[PDB]
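To keep things simple, chains are lettered A, B, C, D, E and F as they appear, and every chain counts its residues starting from 1.
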Amino acid sequence: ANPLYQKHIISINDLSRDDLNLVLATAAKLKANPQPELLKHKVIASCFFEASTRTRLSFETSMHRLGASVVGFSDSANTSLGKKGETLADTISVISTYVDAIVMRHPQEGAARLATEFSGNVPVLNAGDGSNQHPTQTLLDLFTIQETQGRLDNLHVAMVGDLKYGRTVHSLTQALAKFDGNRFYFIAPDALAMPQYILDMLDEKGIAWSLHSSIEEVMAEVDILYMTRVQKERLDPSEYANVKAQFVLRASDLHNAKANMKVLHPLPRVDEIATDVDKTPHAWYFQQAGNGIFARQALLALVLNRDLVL
Amino acid sequence: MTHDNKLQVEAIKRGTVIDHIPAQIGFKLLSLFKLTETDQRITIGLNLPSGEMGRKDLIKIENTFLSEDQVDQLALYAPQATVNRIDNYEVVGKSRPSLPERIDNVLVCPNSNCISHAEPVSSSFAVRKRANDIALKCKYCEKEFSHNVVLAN
Amino acid sequence: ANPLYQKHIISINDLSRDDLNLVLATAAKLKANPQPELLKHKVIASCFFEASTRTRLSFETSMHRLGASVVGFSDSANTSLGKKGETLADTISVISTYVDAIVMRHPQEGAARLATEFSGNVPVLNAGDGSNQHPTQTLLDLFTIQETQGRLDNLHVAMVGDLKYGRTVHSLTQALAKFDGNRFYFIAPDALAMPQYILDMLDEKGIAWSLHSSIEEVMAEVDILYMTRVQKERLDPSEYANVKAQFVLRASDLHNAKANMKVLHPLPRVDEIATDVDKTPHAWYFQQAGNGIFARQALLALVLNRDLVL
Amino acid sequence: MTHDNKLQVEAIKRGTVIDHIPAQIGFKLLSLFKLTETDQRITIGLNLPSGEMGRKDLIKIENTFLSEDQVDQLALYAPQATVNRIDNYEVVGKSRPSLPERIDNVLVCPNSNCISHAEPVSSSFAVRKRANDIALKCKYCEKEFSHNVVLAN
Amino acid sequence: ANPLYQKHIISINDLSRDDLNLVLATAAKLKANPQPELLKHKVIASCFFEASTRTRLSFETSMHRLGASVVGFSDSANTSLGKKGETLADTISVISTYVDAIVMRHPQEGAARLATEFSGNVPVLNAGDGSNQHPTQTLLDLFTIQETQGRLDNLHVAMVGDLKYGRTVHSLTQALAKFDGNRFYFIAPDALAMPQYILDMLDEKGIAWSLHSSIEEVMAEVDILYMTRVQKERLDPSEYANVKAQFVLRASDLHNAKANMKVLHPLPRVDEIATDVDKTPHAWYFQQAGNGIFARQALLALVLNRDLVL
Amino acid sequence: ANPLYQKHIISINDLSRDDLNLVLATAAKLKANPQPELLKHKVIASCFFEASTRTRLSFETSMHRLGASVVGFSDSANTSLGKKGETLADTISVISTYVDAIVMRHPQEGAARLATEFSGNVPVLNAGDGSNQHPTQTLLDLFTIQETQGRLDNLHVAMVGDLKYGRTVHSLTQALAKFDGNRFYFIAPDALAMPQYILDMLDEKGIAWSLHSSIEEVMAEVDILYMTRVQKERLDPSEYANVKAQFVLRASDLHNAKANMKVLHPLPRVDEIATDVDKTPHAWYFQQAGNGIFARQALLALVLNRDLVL
């Protein structure tokens, strides 16, 4: 039985280096030879209590490319659950009575972990729980750093944007700190800075980081430039605009970028990465999203299969 | 006898006596740890005299031995209570509270979006002495807070 | 050809004792040996004109566990049908032009029976029509009484809660009256009493029933205790609370319950069955819901198959 | 000071002794009527042996004389209690709770649409009809409920 | 000062027989010799936290016919106050520093009594609080009964419809039961019957009441027929539609009524009173709604003015 | 004519120290010797394109206590004007042919200044324009500070809460900085701090200010404590909940305040001021809201009347 067999993938803090390597090697193999009937006869629930299309269509195509059936709902705009006080413990106690794995997104933090106390032995995979975790977005980001850079250690990774409330930059910094010699450069408006609990964790492990005010200061040394969208209401219209809107990447800024540097963005991008970056060899944001299929397929294959054929 | 202290109060044959509960923690601890849900004799003293330590509280609970795990809970509240077991008219063990590993059940997540608020779930926090304080990390939202914010509520 | 072959399952009053036995024996067999490609190549429509998640996810997982494809919608929150006066006769005359069975829920009573005048030979299975019928909830309740109690006759069945407007208690009392020697105990607030047409039907068949005011009066003799949610607006807040809220079950009430007694609840349960009942051996409400998969699979297997392999 | 013991402990000087409290009501009363947010010594005995009730609870509060209507607020919970008033080691006064015409703060209007829930007002109920069993009217929604219903939640 | 000067008008339970007659006496004088500058310079607040435009227009026209100023709002799905966060207690605490009196209708019971504790010396008049009280409807109903019948004692009053939840039928019975010799007939569907508290009070005062099944069996002996709306939601479509040959009133039913018998209805009257009743002499619901003006003028005049010499 | 006769009242930045005192002087006279027919025959327009019922009722009661007429509207999710298509400029161009003055609150900044260019000789008074200005809140705050303290100079004012986005705290600092010798203490969470423009202005005028971390460290020296709402959306639940042992005020915190120290809050005060503060002498937020009436009466009297001899 592989380590992940029938585990709940709730948080990145629960996965080890070894665990992260296994998922990443399996994504690589399914990307190279498809296994389209591996989950034949499995039925998986896609419970999106909060809508997220990008994430849902990607998780369900992954389920479909391994042969599984999907049943489920996308709510936020009504699909009758919690109708007449029905708790989440009770919804999951009824859904686990007939599906083989639950994929779920939910607006409150902790919800996927609570599902786990009621699902029996149906594994629960977290597709986002409020401002807390989103591991399957970190698995795909990791897979893309690894496939383009060849390694996960000894990287120079710049994180640009809203680092205070970007739930994905916080998880990728904790994942990347599992590995050696990475160096972090944070470039954020003052109001949108990387929290102390992250910085304090990096320090305690001996990992090097530094703050910079523009990308030009560090373009030269950078391998992965991971951008985040500033959400325009985390600042007021005049603040967003007034001089903090210069965390915007354009093609011209890329001149001195190393030959291997890649620009990653969990998406939607709206302002921050100008359209002309797309034609460059360094734009890897959409190829990052396509790698979501393999990272996601790998987790469903390792969780539902005792042993893997390869 | 005199310099008062006892004048006939409760020497017990088998039981736990929690002494030096720091004043006002005394009633917290009965509520929180559900100590009165027992049929055994309890005798409690509040705002008990202590030239021995300012002023204190004291619960005596007989024929019950509240220990190990149960003792360490109390550390967040009555950090220096000394628990004493008794099985025949005097102290058989005198245990102090050490801080635990997890604090279950009695504590509320500060985080209002935490799912622990709406659901049939028992609270659980991971304890961490970050010298200057104890941080408490919720098992559900995984949000870390100083014990002072959590204990306020 | 099995009797049910290509029938419309609209009402419980249309199914005989024999019909009910057949479905129940087939559910038992599919529960014991899966037939995951029996409905291979069938496409079934899941039309929920009124949303019901619990019921939809269960009907579609059942379709998926026999190999069928599903297409369909869940509305109440818009999905364009009846847009610009399109009648239900016309929607069903177009949907039956390409699916092999229609499963439908609808807010008006009679709707599934009307679908039947327009579907041609595509069978129509009713998943709820307003306050009228819901047979597939009665088939699963029956299957659970049968699997836990071993029989469907000679039972002592208590029905507790809102018996006036609970569409499922009314159908289970008519199903159970098809069988012999059952004894009914009704325990309801005065405002939420079992209607006369039910009582009059029971009398005319010689079946014994009695009203009681608390569960303690009859716990001892009871085999199946079927609870219903009082809907808090069928009474006002002060009525619900003022003394009629004592149709609430807790673990303590179960002391003298026979070793075989089971507590069933179509769900959502909110107040009426305290959480501590869940840890008892008598709580069977969630295992009741999982049996919905087999009852539901059995109906689709008997309706779409001339002959059954077993 | 007088030779206490604990199957019925002894003499406080000056204060209130509420005795003949039913089993398990003593802590309710401590919590509910906030008897503990005082600096005076309180001695409390729980699940004690006695004059026939068999097992009872008892509360001793020195220097506080809670009375007349405080004592009456004890009648839904401990109607057969006695509130001894002590001064200079003598029971200079014994009363029992009579049913009050008003119970404030301690109850919760069972009516979900009542406005009292949401706001900086404390509850208030009018009481009526002694021993064959009491009805309580919310001050605000004017809805009348059975005391056994208000007294569950 | 007059008995009611600066008093709060919250429940009918709180006004003695004598206060009820004072009001009705004043309202007959303001109807006869109107005084349009009596509240000159006063500012009344019309806070309808729940919309009822009919009750709002009656009241605001009452304020303006006595020359007062009006500020306020209504709130079907809208405007800021009591916010959720902002308490009613703080809304009132703020508004009672601006105005001279507050008329308020709120959806939760006792909202007006809560206000009383926060309005300082500003009087608050209840225009409806959940299902508890509406004293200004009862005051105009009594004015219409006193004005058509000549007295408020020794009346044969029939009350019909939803007696269980009509707030106006509960109040009217408390108030007519302060005068003497009144005989009450209650014709309700037994699922919508007089609560036992109204009936228990009526028996402690020795008042005569009886319950009937259709208006046809009391028509003959009756003076006031107070029709009430039957509230379709807490009723099944089929239940609603099943009751006898109904409890609606038509003119052919009136062919026996005494010549001084009047039909009253708080309005709206969707169904229960047919259009042909409007042309009979017994029809008085519209005239009852004009008397709303003189009952509420009276109340504002006595509350805000020390003594009236009209 | 008085200095303000027929002037537009849009920003605090535009009223000299002397205009601020004129207004506060008038408002103390109208409070003492009220003149209820002063604007007889004038018609004011209360155009709230953004609902604030509290500010609307204060203003409309102000209009009515000086005898004026009122036409207008509010607009949470509703009524026609500024339509989208219909410009604000054309709304105003049309309304300034009907009325004698316009009070307006709009969601976008400078909406009131835009109006000025289209209202002809009709004065427009700003009741709030996005996050820019609210001069009539600052005028009543100053009246409450002058009325409790005796002067507007040499005050030790503490400002607490969301100093970065409270529009009222930004205005109040501009206005108190026209009088002399004022010392300012700003106790804010450092993510919600005074913007550098307020602070840069205060240093060019030589004014003393300091920043503190909890009110407990200034309690002693302070005259006005201006609490502000901390705005929960631009804050993480967990951030919001993390700050120290908080910045809310309770009475035990007040046990040191000077006897003439008053707590002010523009309201609503959901959380930051506890109920027990309401019974202390230092509580003045409700009284501050009654003074809204006399500050806005003053402004309308001076704008619409050539000279006041009160």
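Everything that follows uses one rule, which is that a contact is a pair of C-beta atoms (placed from the backbone, for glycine too) under 8 Å apart; a residue touches a chain by one contact, two chains touch by 3 or more.
By chain, UniProt protein names: A, C, E, F = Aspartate carbamoyltransferase catalytic subunit; B, D = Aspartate carbamoyltransferase regulatory chain.
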Checklist entry - Which listed pair, E-F, A-C or C-E, reproduces A-F with over half its contact pairs identical? => result C-E
Next on the checklist: Farthest chain from chain F, going by mean C-alpha coordinates, please.
Outcome noted: C
Checklist entry - Which whole number of Å gives the spacing of the CA centres of chain A and chain D? => result 58
Item to check | Chain centre separation (chain D, chain E; CA means) in Å | outcome: 42
Checklist outcome for this item: Cα centre of chain A to Cα centre of chain B, whole Å, reads 42
Item to check | Inter-chain centre distance, chain B versus chain F - centres from mean C-alpha coordinates, in Å | outcome: 50
Item to check | Per-residue multi-chain contacts in chain E, two or more chains | outcome: 131
Checklist entry - Considering chain D alone, which of its residues make contact with at least two other chains? => result 111, 113-114, 120, 141, 143
Item to check | Residues of chain F that touch chain E when the two form their complex | outcome: 36, 51-54, 56-58, 60-61, 64-65, 74, 76-78, 267-271, 286-287, 289-290, 292-293
Item to check | In the complex with chain B, residue positions of chain F that touch it | outcome: 237-238, 241-242, 244-246
Item to check | chain A residues touching chain F - in the complex, by the definition given at the top | outcome: 131, 165, 191, 233-234, 236, 238
Checklist entry - Which bits of chain B are touching chain A when the two form their complex? => result 111, 113-116, 118-121, 138-144
Next on the checklist: Can you tell me which positions in chain E touch chain D when the two form their complex?
Outcome noted: 11, 13, 87-89, 106-111, 113-114, 117, 129-133, 197
